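Structure, as structure tokens:
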Amino acid sequence: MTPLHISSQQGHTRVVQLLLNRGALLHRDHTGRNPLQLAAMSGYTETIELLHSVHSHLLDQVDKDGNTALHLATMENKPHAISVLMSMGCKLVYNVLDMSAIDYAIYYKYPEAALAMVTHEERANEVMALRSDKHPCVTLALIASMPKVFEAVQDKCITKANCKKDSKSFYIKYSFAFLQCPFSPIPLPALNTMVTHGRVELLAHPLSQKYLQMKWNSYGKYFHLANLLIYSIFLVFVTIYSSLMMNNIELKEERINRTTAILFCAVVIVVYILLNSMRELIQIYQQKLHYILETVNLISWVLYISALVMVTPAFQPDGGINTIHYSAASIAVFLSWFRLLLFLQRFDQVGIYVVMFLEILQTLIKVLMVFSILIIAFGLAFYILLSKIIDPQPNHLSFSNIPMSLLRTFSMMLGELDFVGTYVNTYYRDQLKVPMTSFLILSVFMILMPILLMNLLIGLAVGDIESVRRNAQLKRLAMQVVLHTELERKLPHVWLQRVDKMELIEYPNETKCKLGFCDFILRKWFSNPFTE
Amino acid sequence: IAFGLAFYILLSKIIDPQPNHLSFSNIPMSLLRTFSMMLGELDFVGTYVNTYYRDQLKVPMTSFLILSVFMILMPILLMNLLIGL
Amino acid sequence: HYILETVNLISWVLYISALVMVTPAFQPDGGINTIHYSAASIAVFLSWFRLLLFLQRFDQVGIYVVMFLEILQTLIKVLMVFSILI
């Protein structure tokens with residue numbers, strides 16, 4: 001370092017003014033830095049503006065590592081010396097590690113030095129179009145790392161006008177240019193990342209709401225209603241067909257009489273399954289590895305096979321009914337209605353109660369596999385003690401088998417111990433095989449299975465209802481994102497990208513059109529974005 | 001309605017209707033009886049075990065399947081939703 | 001600590017009961033009676049209740065056995081005080 005490097009590093013402005021007027025020449029130090037790199041490493045924005053006015057060429061030359069003056073002021077978090085180096089016209093070039101200026105501010109996690117770059121007035125949308133190697137999109141990297149910064153980028157996408165807030169020419173402009181980032185066009189890129197990391201403050205912001213209300217009014221309100229009314233034809237023609245089969249079930253082998261009402265219902269079922277399987281086979285062609293992962297598709301294959309096995313005796317020459325047709329009927333009627341609860345998650349007033357039901361069902365599968373130990377622990381222990389009763393009365397027959405003693409143990413943590421019938425009556429007439437231990441395993445049963453385990457499952461289903469009423473706003477907004485995602489995953493691209501807009505101009509003083517009665521019904525019982 | 005129809009399919013055509021299977025011989029009666037056995041009285045020994053070891057239960061291995069998924073979610077999972085609310 | 005620690009005292013009721021269970025496989029004739037059904041059921045029940053003490057240390061499902069063995073410590077202090085009412 002020369003004394004021009006040392007004086008400008010410490011920011012002594014009157015000394016660097018003195019050395020310039022007496023002809024202090026300029027050259028690099030051993031690192032490669034000029035006097036303006038060093039004054040920018042420290043935060044002295046009075047010495048940057050002096051040196052740039054005298055020697056204007058040394059703003060945008062690099063050291064031996066390829067860093068400019070903007071990288072160096074970003075590597076150690078001087079946000080006042082970034083807003084000055086960008087206003088003078090720094091060049092925004094890449095490092096020798098191929099890592100830009102905004103990269104070091106989202107990699108060292110400096111939220112102050114990355115807010116001074118993406119909120120700059122002149123040069124905002126030249127640092128949000130860099131597309132580096134470690135970060136391919138700056139929008140999708142601020143939502144992951146620093147979500148307070150991206151809330152201050154959405155504030156600058158809402159521009160007003162200056163017309164006194166109540167005149168007839170006051171428009172408010174929304175700009176969706178950053179929520180749709182071209183780098184496989186996944187449908188809502190910047191909102192599937194808000195819900196993956198769970199950012200509720202970036203979904204409830206008034207730019208994201210108008211981005212969904214642009215899509216709700218466009219296409220996404222008619223194609224949820226037209227998915228429920230197609231399923232409610234398969235729902236009705238299954239419960240009608242199983243109800244008719246139970247009356248028309250006469251003898252002679254057992255054989256049904258194929259009337260013109262169970263033959264009409266068996267055709268509407270078998271034609272619904274083919275047309276709703278050739279929608280499945282299209283979705284198999286692109287989306288192979290989520291059929292292990294997603295459950296609601298796997299439910300629809302047990303439903304569709306069972307409804308095909310149900311309708312087979314309406315097509316044979318004689319109606320061949322047997323045990324395997326009652327089995328497939330009851331699985332088809334039960335799964336047709338349990339599928340209907342998956343469509344009622346998205347209603348308005350009553351939708352939250354199926355979110356609470358399917359979250360305390362996810363916990364009770366992890367609990368009822370861990371504490372399937374205790375059912376095997378007792379169910380074997382009652383099979384040892386209670387199976388060799390010398391006269392099996394039809395209350396001890398439920399323990400004469402190893403799988404039957406595991407059902408019976410599970411259906412007496414629900415209340416019916418039958419204490420008088422199979423422990424007291426069979427003891428005072430000298431029939432209980434091992435007396436003083438049968439009252440020991442039972443006395444430790446009713447301490448911990450119907451008291452201690454059933455109060456564990458109540459205490460877990462109060463903490464999974466409170467943690468839905470807590471974050472209910474995230475649960476509602478994540479339904480509408482995942483709705484519009486898969487809806488335009490299926491629509492054709494030719495009249496998809498011509499109906500969205502890049503910017504919405506709104507006039508909040510003109511006489512609005514009154515709401516149509518068809519549109520008024522669609523807003524009462526659907527989770528719409530119009531409830532702000 | 002999902003279970004009450006499903007028990008009407010499996011349990012209505014028992015070849016000797018004992019007065020514990022008469023509550024499932026009708027579609028509105030199988031919707032009362034399903035609602036009054038999420039309150040505790042499954043009657044597991046009376047209408048599933050006694051009528052199985054004397055060869056009277058019509059479809060055996062599925063009647064223990066709908067019942068085993070009944071007592072997971074109606075008298076455990078639904079009745080602990082109404083306590084947590 | 002054998003007075004103080006419980007999981008060692010469980011392992012001695014388990015090991016004695018499994019020895020009494022296997023005695024009629026070693027006698028000249030198999031002498032089975034009531035005391036061999038008693039030791040069999042305590043050995044099968046305590047073999048699996050010991051298995052819940054190893055699942056405390058798993059990742060996703062381990063917290064649910066911590067909750068089970070903490071509401072079991074309270075329900076012993078309560079079901080000795082309110083053994084008066086019984």
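Chain labels A, B, ... are given in the sequence in which chains occur in the structure tokens; within each chain residues are numbered consecutively from 1, and ligands are likewise numbered from 1 in the order shown.
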What's the 10 Å shell around residue 19 (chain C), counting only C-alpha atoms, without same-chain residues fewer than 3 positions away, as a PyMOL selection string? chain C and resi 14-16+22-23+39-40+43
Within 8 Å of chain C, which residues of chain A show up when using only C-alpha atoms, listed as JSON, numbers by chain? {"A": [366, 367, 370, 373, 374, 376, 377, 378, 380, 381, 382, 384, 385, 433, 434, 437, 452, 453, 456]}
Give the residues of chain A that lie within 6 Å of chain B; count only C-alpha atoms, and format the answer as a PDB file with N, CA, C and O atoms, in the first residue's frame.
```pdb
ATOM      1  N   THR A 323     -69.765 -64.768  -2.718  1.00  0.00           N
ATOM      2  CA  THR A 323     -69.153 -63.999  -1.640  1.00  0.00           C
ATOM      3  C   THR A 323     -68.267 -62.878  -2.174  1.00  0.00           C
ATOM      4  O   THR A 323     -68.250 -61.776  -1.615  1.00  0.00           O
ATOM      5  N   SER A 330     -69.137 -53.673  -0.935  1.00  0.00           N
ATOM      6  CA  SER A 330     -69.018 -52.871   0.272  1.00  0.00           C
ATOM      7  C   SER A 330     -67.769 -52.012   0.267  1.00  0.00           C
ATOM      8  O   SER A 330     -67.753 -50.949   0.886  1.00  0.00           O
ATOM      9  N   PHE A 334     -68.166 -47.912   0.406  1.00  0.00           N
ATOM     10  CA  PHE A 334     -67.441 -47.181   1.436  1.00  0.00           C
ATOM     11  C   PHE A 334     -66.421 -46.223   0.842  1.00  0.00           C
ATOM     12  O   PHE A 334     -66.282 -45.097   1.321  1.00  0.00           O
ATOM     13  N   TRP A 337     -67.851 -42.744  -0.796  1.00  0.00           N
ATOM     14  CA  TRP A 337     -68.193 -41.650   0.095  1.00  0.00           C
ATOM     15  C   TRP A 337     -67.001 -41.129   0.867  1.00  0.00           C
ATOM     16  O   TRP A 337     -66.982 -39.953   1.226  1.00  0.00           O
ATOM     17  N   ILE A 458     -56.417 -38.762  23.217  1.00  0.00           N
ATOM     18  CA  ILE A 458     -57.197 -37.543  23.393  1.00  0.00           C
ATOM     19  C   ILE A 458     -56.270 -36.357  23.553  1.00  0.00           C
ATOM     20  O   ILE A 458     -56.538 -35.273  23.039  1.00  0.00           O
ATOM     21  N   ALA A 461     -55.060 -35.284  20.116  1.00  0.00           N
ATOM     22  CA  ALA A 461     -56.080 -34.726  19.252  1.00  0.00           C
ATOM     23  C   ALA A 461     -56.662 -33.456  19.810  1.00  0.00           C
ATOM     24  O   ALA A 461     -57.738 -33.049  19.390  1.00  0.00           O
ATOM     25  N   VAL A 462     -56.003 -32.856  20.791  1.00  0.00           N
ATOM     26  CA  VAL A 462     -56.246 -31.484  21.180  1.00  0.00           C
ATOM     27  C   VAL A 462     -55.087 -30.596  20.759  1.00  0.00           C
ATOM     28  O   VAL A 462     -55.278 -29.436  20.400  1.00  0.00           O
TER      29      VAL A 462
END
```
Pairwise distance for CA of residue 115 (chain A) and CA of residue 84 (chain A), rounded to one decimal in Å: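 Computing the Euclidean distance for CA of residue 115 (chain A) and CA of residue 84 (chain A) yields 13.7 Å.
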Distance query residue 160 (chain A) at most 12 Å, only C-alpha atoms, self and fewer than 4 positions along chain excluded, as a PyMOL selection string: chain A and resi 155-156+164-165+169-175+504-508
Could you save the residues just selected, with C-alpha atoms, as a short mmCIF file (atom, residue, chain, number, x, y, z; two decimals), in the first residue's frame?
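Result written to result-v9.cif:
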```cif
data_model
loop_
_atom_site.label_atom_id
_atom_site.label_comp_id
_atom_site.auth_asym_id
_atom_site.auth_seq_id
_atom_site.Cartn_x
_atom_site.Cartn_y
_atom_site.Cartn_z
CA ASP A 155 -44.09 -3.36 -2.03
CA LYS A 156 -42.39 -1.81 -5.05
CA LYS A 164 -55.77 12.97 -4.83
CA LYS A 165 -56.97 9.41 -3.97
CA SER A 169 -58.39 9.15 -12.65
CA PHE A 170 -56.69 7.46 -9.70
CA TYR A 171 -55.39 4.08 -10.84
CA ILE A 172 -53.35 1.61 -8.83
CA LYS A 173 -51.08 -0.66 -10.85
CA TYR A 174 -49.97 -4.15 -9.87
CA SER A 175 -46.96 -5.70 -11.62
CA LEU A 504 -53.26 -5.45 -13.57
CA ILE A 505 -54.46 -1.84 -13.69
CA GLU A 506 -57.32 -1.17 -11.29
CA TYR A 507 -59.52 1.95 -10.96
CA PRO A 508 -60.88 2.09 -7.40
#
```
If you count only C-alpha atoms, which residues fall within 12 Å of residue 2 (chain A), apart from same-chain ones fewer than 6 positions away, as a list in words?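 Residues near the query, excluding close chain neighbours: residues 8, 9, 16, 19, 24, 25, 26, 27, 28, 29, 30, 33, 34, 35 and 38 of chain A.
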What is the distance, in Å and to one decimal place, between CA of residue 300 (chain A) and CA of residue 358 (chain A)?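 One can read the CA of residue 300 (chain A) to CA of residue 358 (chain A) distance as 17.3 Å.
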Among chain B, which residues does DSSP mark as alpha helix (DSSP H) when it is run on the backbone? Keep the chain and numbering as in the structure and answer as JSON, numbers by chain. {"B": [2, 3, 4, 5, 6, 7, 8, 9, 10, 11, 29, 30, 31, 32, 33, 34, 35, 44, 60, 61, 62, 63, 64, 65, 66, 67, 68, 69, 70, 71, 72, 81, 82, 83, 84]}
